[PDB]
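Quick notes on the structure that follows.
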Amino acid sequence: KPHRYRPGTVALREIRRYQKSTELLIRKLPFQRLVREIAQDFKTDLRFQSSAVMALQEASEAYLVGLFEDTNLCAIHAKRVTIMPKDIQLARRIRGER
Amino acid sequence: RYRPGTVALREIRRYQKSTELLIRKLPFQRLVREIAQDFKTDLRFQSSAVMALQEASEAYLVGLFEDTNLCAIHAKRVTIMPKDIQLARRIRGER
Amino acid sequence: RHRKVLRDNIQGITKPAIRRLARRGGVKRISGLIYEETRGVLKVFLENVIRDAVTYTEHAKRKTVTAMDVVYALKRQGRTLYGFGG
Amino acid sequence: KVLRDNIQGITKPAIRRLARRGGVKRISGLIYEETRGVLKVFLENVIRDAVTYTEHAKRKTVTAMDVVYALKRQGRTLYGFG
Amino acid sequence: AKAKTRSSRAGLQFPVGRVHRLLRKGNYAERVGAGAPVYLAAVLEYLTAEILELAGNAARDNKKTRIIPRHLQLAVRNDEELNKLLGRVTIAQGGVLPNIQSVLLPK
Amino acid sequence: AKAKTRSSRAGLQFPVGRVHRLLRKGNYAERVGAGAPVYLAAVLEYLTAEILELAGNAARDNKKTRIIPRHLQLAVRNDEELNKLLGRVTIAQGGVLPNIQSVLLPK
Amino acid sequence: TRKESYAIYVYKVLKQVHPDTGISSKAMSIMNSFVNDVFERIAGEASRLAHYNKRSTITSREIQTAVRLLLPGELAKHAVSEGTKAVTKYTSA
Amino acid sequence: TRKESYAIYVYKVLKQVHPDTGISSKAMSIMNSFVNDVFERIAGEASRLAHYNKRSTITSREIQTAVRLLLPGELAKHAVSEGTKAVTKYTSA
Amino acid sequence: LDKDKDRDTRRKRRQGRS
DNA sequence: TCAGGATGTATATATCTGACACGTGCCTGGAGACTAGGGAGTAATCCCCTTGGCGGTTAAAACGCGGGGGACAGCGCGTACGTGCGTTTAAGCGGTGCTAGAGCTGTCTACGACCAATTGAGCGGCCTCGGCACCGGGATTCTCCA
DNA sequence: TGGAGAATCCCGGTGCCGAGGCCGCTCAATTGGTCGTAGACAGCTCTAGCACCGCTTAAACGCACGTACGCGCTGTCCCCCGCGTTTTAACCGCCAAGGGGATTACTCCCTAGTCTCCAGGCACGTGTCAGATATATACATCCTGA
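Chains as they are written, first to last, in PDB author numbering: chain A, 37 to 134; chain E, 40 to 134; chain F, 17 to 102; chain B, 20 to 101; chain C, 12 to 118; chain G, 12 to 118; chain D, 29 to 121; chain H, 29 to 121; chain M, 663 to 680.
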C-alpha cells in the first residue's frame, strides 16, 4: 500500500509553512497583467513603475489574508471548518464594504 | 394572549418608526459623571454635551445590535448571544 | 463641600432600555446574558470618548466639558456627529 | 493594446495559498470566484485613486508614491515604499 | 466703482468671499487661487441642493411641510451615493431605516 | 562663536533643526514655538527606540544579527500597545503572526 | 460676539428647490454641520494635493481633483460640472 | 539630487539599543516611513488643537496633548516623560 | 502591572547605556 | 380555506402653543483699485527606466481519480425567554436659589519671524568583507497502519 | 499500545552581494541681531450648571406559566482533498528603442498686502400658524374554532 495522508494533515502543514514564510503568493506576471487591464478602463496608454506594481501586490495580498482570517472566524462561528461565500459576504458586510 | 414573537415584531416596527432616545436621561447622566470622575475630579458638563454623548452611544449600540443580528442569523438562530457580539466587535476591529 | 462619589450607575442602563435598543436594531429574541455584555461594551465606548473629551477640555484650561469637545472626540475616533455645532 | 480575461491568472492554488496563510483548513469551490470578485473590486478602487493622483500631476507614469497615497487615502497605510 | 458680489458673478447662492476667507485663514496652503473659492462654493451649493431636494421629497411623503432630522436621515440613507459619502456620520434625532429581516417574519 | 547642535543641548539623537524646518514648512500653524521641535524629536526618538528594541529581541530569537521586515512585524504585532498604534498599517514583507485555530487541530 | 453660519444660504437653496417647504432649527444645524464637514474634507484634500506636488497655491485644479477623489460617481460628475460652469461664468465676466 | 531621510538617526538609536545588531535596507525604509507617519499624525493633531483654541502657535503644550491623544496608555506616559525631560534639559542650558 | 513594570526597565537601560 | 372576537393602528377633527418666518439698525467684513515680487508656466535637453521581444528551463498549474469526512436535514427533549399582571420606585417637571466659571476687555512684554554671514553635519559615490542564502547529508520527529 | 516511512530540524562547507565604512563636497543648520504682535495676566460681568423640594405617573421590577427555540444526536451522500501525470507559461537572462521624468533657465502675470468705501448679514423683537396632543373611530391583524 502506498503512503497517503488523511485529509487535513497536508492542510495543516501548508498552514504552518505559509504562515512561517513571508514571500508573495501570487505570480508576478498575471498580477501585472491584471493591474494593466484594470487601469486600461480609466486612462489609456498608462505606464507603471515596477515598485508601483509591487506595492499593489503587497497591499492586495495583505487585504486578502485579513479577509480570509475574518472568513475563517465566521465559518468557525457557524460551526463549520469549510469556508463558504456567505462567510465572505458576512465579513465584508460587518466590515462595512457592502 | 398573543403568541411569542408578535409583540416583538410590533415593538420592532414601533421603535424603528420613531426617533426619540431610548435610555433614560438621569441614569445616563449619572453614568457619564461616574466615568468622568476617573480622569479629573470636579468636572462640569454642559447639557448639550451629555445629550451628544447619549445620541452617539445610542447610535453605536443600535449599529452593534444590527451587526449582532446578522451574526446570529448566520448561525441559523433567532436569539442573539454574547458570542455574536464578540464576533461582530472582533470583525469590526474593536477586540 | 459634599464630595459625592458615585458608584454602580451602570445598572441604571436597565434591561428594558437594552431591549428597546435591540428592538430598534431589529432583534427578535434576546438572551439573558446579553445585558451584562452590553453594559460592558457601553462602558468601554463611553470611557474611550470621555477620556478624549476630558483631554480636549484640560488642554483649553477649562473646568466644564463643552459639546464641541465631545464632537471633536467623536471626530477623532471617526464617528462624526451632526447637529451639535462645528 | 487591449488585455482581456486576466482575472483567471489568479489561479485556484494561489487563492488557496492565500487562504492557507489566513489559517483556513477547508475551502469550498465557489470561494475562488468570490475571491476574484472582491479582488477586482479592491483593485479597481485603489487603481482609480492612483490614476487620479497621477493625472493631477500631469504624468503618464503611475509611480509607487501614487499607490501609497491612494492606500493612505483609503485608510490602508503601507510601509516600505517611500 | 459700483460693487457686485462674487456670488452674483457666478450665479451662486453660497458666499464666495466667505469661502475665500476661510481658505486663507484655515492654513491649507501659502497662497489661494482666485477660482478655487468659486469652484468650492459651487460644489457646496450643489451638494446642499442635492440633499435638500431628497429631504423635501421625504417630508412631502409624510405629509409634513417642515424638514425634521428624520427626513434628512431618510434622504441620506435611501440614496446610495449620499449614504456612501456619509457612511461614518451619525445624524442626531435621525432614527434608523425600517428594515426587518425576512427570516424573522412568519410565513 | 563655535556652534553646538540643538540635539546636543537636549541630549537627543534625532535632529531638532530638521524637525523644526518640517514643522515650519508643513503649514501646520502660523508660528512654531521653540520647545515644540525638541518635544517632537524626543517623542520620535522614544518610539524608534521602542520598536528597534523589540525588533532586535525578535531578531536575536531567530539567531540573526540583521533586522529584516519580518522581525519588525513580529515586534509590532506581539506587543499590545504598538499593535494598537499600528492597527491600520501594512508592513511590506511582514508576514502573519503564526496562530492556528483550536478547532482545526486534530483530536 | 456674533457667530456665523450657513443658515440663510441653506434657506435660499431650499427656497430654490422646494418653494413651499420650511425647515426646523435642528435640521438647519445639521445642514450647517454638513456644509462645514464637506468644506473641511475638500479643503484638506486640496491642501494635501498641493503639498504632494510641491506647489504653494490651491487652484481650481486642486479643488476639482479633491472633488473627484471624495465624491462617488454621479455626485462627482455633476459636482465637477457645476464647479466648471460656475468658474466659467465667473471668469467670463 | 539630495533626498533627506532618517537613516543615520535610526542607525544611531539602534547602536544605542542593540550595539552589535545591523538592519536591512528594507527595514530601514520601513522605519523611515514609520517616523514620517508618526510625525504627520502628531503634527496634524497639534494643528487641530491650535486651531480649536483660536491660537496661532504650536508650542510644547500642543505637542504634549497630541501625544496624549494619539498614543495609548503606557506609551503615552513614557513619551510625555521623555519629551518633558528633553525640554527641561534643553531650557536648562 | 506585569507588562507596565517591564517598560520602565526598557527606558532605564537606555539611560544606563548613556 | 372561512370567520368572529378582540386589540392595536392610522385616520377625521378641535385648539393652543411656541417655534418659525420676517422686519429693523448697524457694523464688520466683503469689494474695488493699485503696487510689487516670486511662483508657476514654458521651452530645451538628457538620459534613465519602461516596454517589447526571444530563447531555454523547470517548477507550477491543470486534469483526472478514488475515498473518506464534513455539511446538512431530520428528530426529540428540555431549558429559558416572551407575555401578562400587579406592586414598587424613581424619572420627569416645575420652580427657586446661588455661585463657579466662561467670556470679554485692556495693558504690556517676552518670544518667534526675518535676514545676513558662516561652516560643519549630512549625503552621494566607491570599495569590502562577512552574514546570510544554498545545498549535501544525517538525526530527530510526526503520522499512519497494526 | 509498536514499526515504516515521509518530513523537518540541525551541521557544515561555499559563494556572493549587500551592509558598513570612508571620503570629498555642498547647503542647510547655527548664531547674532532688530521688531512687532501674539499671548499672558488682571479684572469685571452675568450666564448656566449644580443642588434642592414636592408631586405625579409612567416605567421598572418581580413572579408565574407555557411554548418555542437551542442543541445534541444520527444518518446520508457528495464534494473536497490527496496524489499521480502531463501540459504550459512564469521566470530569468539578454538586447534594443525610445518616451517621458527630471532638470535648468527665463519671464510674466497672478496673488498677497494696504487703503478706502459701503451694504449684507446678524442680534433683536414680534406676529401667527404647523403640528402636538387629545378625542372619536372604522379597519387591518392575529388568535381560536370550524
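Ideal Cβ placement from N, Cα and C applies to all residues, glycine included.
Asked, Found
"Under 8 Å by beta carbon: chain G residues contacting A:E94", "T101, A103 and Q104"
"Within chain D, the residues that F:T96 reaches when beta carbons sit closer than 8 Å", "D65"
"Near-chain C residues of the stretch 25–50 of chain F - C-beta to any C-beta below 8 Å", "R40, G41, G42 and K44"
"Interface positions of the stretch 58–74 of chain B facing chain A (Cβ-Cβ less than 9 Å), listed along the chain", "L58, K59, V60, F61, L62, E63, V65, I66, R67, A69, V70, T71, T73 and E74"
"Residues that residue 7 of chain B contacts on chain H, provided the C-beta gap is smaller than 8 Å", "Outside the displayed range of chain B (20 to 101) lies residue 7 of chain B, so it cannot be described from this structure."
"Residues of its chain near C:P80, where Cβ-Cβ distance is below 7 Å and the 5 sequence neighbours each way are ignored", "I102, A103, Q104 and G105"
"Where the stretch 69–87 of chain D meets chain B: residues whose CB sits under 9 Å from a CB there", "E73, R76, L77, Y80 and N81"
"Given 8 Å, three or more beta-carbon pairs between the stretch 62–73 of chain E and the stretch 82–96 of chain B", "no"
"Distance between beta carbons of H:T85 and G:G44, contact taken as under 8 Å", "6 Å"
"A:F84 (DSSP reduced to helix, strand or coil)", "strand"
"8 Å contact criterion, which E:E105 and F:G41 should meet: CB distance rounded", "5 Å"
"Per-residue contacts from M:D666 into chain H (C-beta, under 7 Å)", "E102"
"According to DSSP, residues forming a beta bridge with C:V43", "D:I86"
"Same chain, Cβ closer than 8 Å to F:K31, five either side skipped, listed in chain order", "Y51"
"Short CB-CB distance (under 8 Å) between G:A60 and chain M", "yes"
"Integer Cβ distance of H:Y118 from G:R20, believed to fall under 8 Å", "5 Å"
"Pairwise C-alpha distance: C:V100 and F:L97", "6 Å"
"Reduced DSSP category for G:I111 - H, G, I as helix; E, B as strand; rest coil", "coil"
"Test: E:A91 CB closer than 8 Å to a CB of chain F", "yes"
"Member of C:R17, C:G22 and C:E41 whose CA lies at the smallest distance from the CA of C:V30", "C:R17"
"Proximity to E:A75 [Cα-Cα], best of F:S47, F:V57 and F:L62", "F:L62"
"Partner residues on chain M for residue 11 of chain G, Cβ-Cβ distance less than 7 Å", "Nothing in the structure corresponds to residue 11 of chain G, since chain G is present only between 12 and 118."
"Among A:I124, A:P38 and A:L92, the one whose alpha carbon lies nearest that of B:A83", "A:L92"
"Closer than 9 Å at the beta carbon, the chain H residues around F:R23", "Here the premise fails: no neighbours, minimum Cβ distance about 24 Å."
"Assigned secondary structure, F:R45 (DSSP; H/G/I helix, E/B strand, else coil)", "strand"
"Cβ-based burial, residue 653 of chain M [other Cβ within 10 Å; buried from 16]", "The structure shown does not extend to residue 653 of chain M, since chain M spans only 663 to 680, so no value can be given for it."
"Three-state secondary structure assigned by DSSP to A:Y41", "coil"
"One or two residues paired with F:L97 in a DSSP bridge", "C:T101"
"DSSP three-state assignment for G:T76, whether helix, strand or coil", "coil"
"Where C:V107 meets chain F, residues with beta-carbon distance less than 7 Å", "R40"
"For A:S96, the nearest candidate out of B:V65, B:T71 and B:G48 (CA to CA)", "B:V65"
"Neighbouring residues, chain F, relative to C:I111 (Cβ below 7 Å)", "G42"
"E:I119 - partner residues in DSSP beta bridges", "F:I46"
"Neighbour-count burial assignment, F:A33, 16 or more Cβ in a 10 Å radius", "buried"
"Proximity winner among G:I78, G:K36 and G:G22, relative to G:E64 (alpha-carbon distances)", "G:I78"
"Simplified DSSP assignment, three categories, for C:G37", "coil"
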